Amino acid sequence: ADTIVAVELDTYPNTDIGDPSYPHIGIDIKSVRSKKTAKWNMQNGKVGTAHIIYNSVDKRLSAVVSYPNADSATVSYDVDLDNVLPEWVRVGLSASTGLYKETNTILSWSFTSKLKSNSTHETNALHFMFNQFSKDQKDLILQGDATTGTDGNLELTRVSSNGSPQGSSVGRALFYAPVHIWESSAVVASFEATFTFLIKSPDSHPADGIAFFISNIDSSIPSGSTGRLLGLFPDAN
């Protein structure tokens, strides 16, 4: 079973499995039942921005989601990633739909990871920035229904040619190269991710959400993880 650490932008509330009674953002550590959440005033049809940050000194994972001229939603949680994730991982974006749908369009995504070992200026780093996605994005591993190229955007879940979202869809996009997230000999290790999305829904209550996640290198979409499971978890435990 995959080891997952994710920050979810949960648009549909599934109270039966622990979700709060409204759209929210949460920090999930190995389970879809968020260890911490915050109310999120999702704005249907508007481009928003998510920013995730973490550093080994504070051992605190935080996320801020906001829309232009609007209050931002903030969530933070104390977690020592050394004891949760393996040394090498893959980072990515996941999204899903179930009975209800929504577009899970990613317009830009950037990631920076830095490791500082016990030495002078000896800092190892990885940084990638996508402000436009091409049809053949060789450095991205697309899983499920995720596709790129449509107007230079990344569509995590299935969308029809006329532009409408489909139900029962799952898709992920992971950066090709493995990332060295931590090391026992690192004085300081830190990462930062940012991505802009566009969640549009024609129906009543949009579903299900988008999630930025970190996982074991060989992770793949668990079978039957559409809907509430966000393409990350095998069950709702």
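In this text, the rigid core denotes the largest set of C-alpha atoms whose superposition between the two forms falls within 1.5 Å. Residue numbers here begin at 1 and follow the sequence given.
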Response to the item:
The stretch that moves more in 9 other deposited structures of this protein, judged by RMS C-alpha distance from this form after core superposition, 46-54 or 177-185, is 177-185
Item to complete: Superpose on the core, then say which of 204-212 and 191-199 ends up with the larger RMS Cα offset from this form in 9 other deposited structures of this protein.
Response: 204-212
Worksheet item: Quick one: higher average CA temperature factor, 225-233 or 14-22?
Response: 14-22
Fill in: Selected stretch [higher average CA B-factor]: 160-168 or 79-87
160-168
Discussion item. Using only the C-alpha B-factors in the record, can you name which of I27, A173, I210, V187 has the highest?
Written reply: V187
Discussion item. Using only modelled residues of the chain, where does the Cα B factor of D203 rank: lowest third, middle third or highest third?
Written reply: highest
Discussion item. Is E183 in the lowest, middle or highest third of its chain when residues are ranked by C-alpha B-factor?
Written reply: highest
Practice prompt. Taking the chain's C-alpha temperature factors as the reference, tell me which third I53 falls into: lowest, middle or highest.
Written response: lowest
Worksheet item: Which third, lowest, middle or highest, does the CA B-factor of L93 fall in along this chain?
Response: lowest
Worksheet item: Should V47 be placed in the lowest, middle or highest third of its chain by the C-alpha B factor in the entry?
Response: middle
